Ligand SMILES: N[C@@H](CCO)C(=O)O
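Form solved without this ligand, single chain, as structure tokens, below.
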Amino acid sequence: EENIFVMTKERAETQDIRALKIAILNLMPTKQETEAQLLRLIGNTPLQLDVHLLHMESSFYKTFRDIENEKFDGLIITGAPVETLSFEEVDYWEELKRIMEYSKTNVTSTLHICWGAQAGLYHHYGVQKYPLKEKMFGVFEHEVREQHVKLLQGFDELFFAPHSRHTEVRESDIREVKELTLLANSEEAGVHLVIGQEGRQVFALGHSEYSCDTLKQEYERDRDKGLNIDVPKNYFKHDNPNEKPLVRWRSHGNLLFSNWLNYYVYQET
């Protein structure tokens, strides 16, 4: 045949797509590290992003007051160093409730990380947290629990993710809630990824956003405070803290944030 056809994979015409409006609520005291991590991870999209930084009310930062009449495509609520308290004992609990209630109506998809996820689950769905006898601490094997869920687009069926917490939510408590769907659990570490109301909320209980040495730094920090803490599991070679950490969770951290931004924060029509 004289005229041969070619296969053309059409370029992504994202040029004319309106920028995604994204807010990050950093509840951390070690503010800079978290911000940097999340900023790298949301680079995982060809789309343009306007990132608004927020914090509580006890110069790039705003408060809920400044945005309560605004709408966002996405919101990230980080973890916080308050997990051993009852939710209501946390100083800023009432302001956090206003933000989370606001998120139902004014944010397309809100991503909750670690304690922020527990807070979101508790407030929105009544899921309680519970103390662990020792810290769930290391990198753990997870398994995908749902097929054909956009958030898990491209995930390996088995994948690694870090956890760092002295508390937990229980699979059984999440199972009871119709509006929740369990996406990824670990035989050892339990619940990691959960989605609520079709992605209206995304909850990540582990710390997929962690960078290379985060667990290492936490280990040494706690060890120096004189805490009795074990080496993070499946992190150091031979459990030797002088060794370079093994990074097995990087790819699925990128996939999580990329799929969130691409399929949940961005909506068509």
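Quick note: we count residues from 1 along the sequence shown, nothing fancier.
The protein also exists as the form solved in complex with this ligand; that form is not presented, and the subsequent description refers to it.
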Interface membership of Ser164, this ligand in the deposited bound form, 4.5 Å heavy atom rule
yes
Answer yes if any heavy atom of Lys237 is within 4.5 Å of a heavy atom of this ligand in the deposited bound form; otherwise answer no.
no
In the deposited bound form, is there a heavy atom of this ligand that lies within 4.5 Å of any heavy atom of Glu220, even though the partner is absent here?
no
Counting only non-hydrogen atoms and a 4.5 angstroms cut-off, does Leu39 reach this ligand in the deposited bound form?
no
Out of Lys97, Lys135, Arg170, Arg145, which one falls within 4.5 Å of this ligand in the deposited bound form, going by heavy atoms?
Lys135
The listed residue (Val194, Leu111, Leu121, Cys114) that reaches within 4.5 Å of this ligand in the deposited bound form by any heavy atom is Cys114
Looking in the deposited bound form, is this ligand within 4.5 angstroms of a heavy atom from every one of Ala19, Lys21 and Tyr263?
no
Given 63 to 71, 203 to 211, 238 to 246, 44 to 52, the stretch touching this ligand in the deposited bound form at heavy atoms within 4.5 Å is 203 to 211
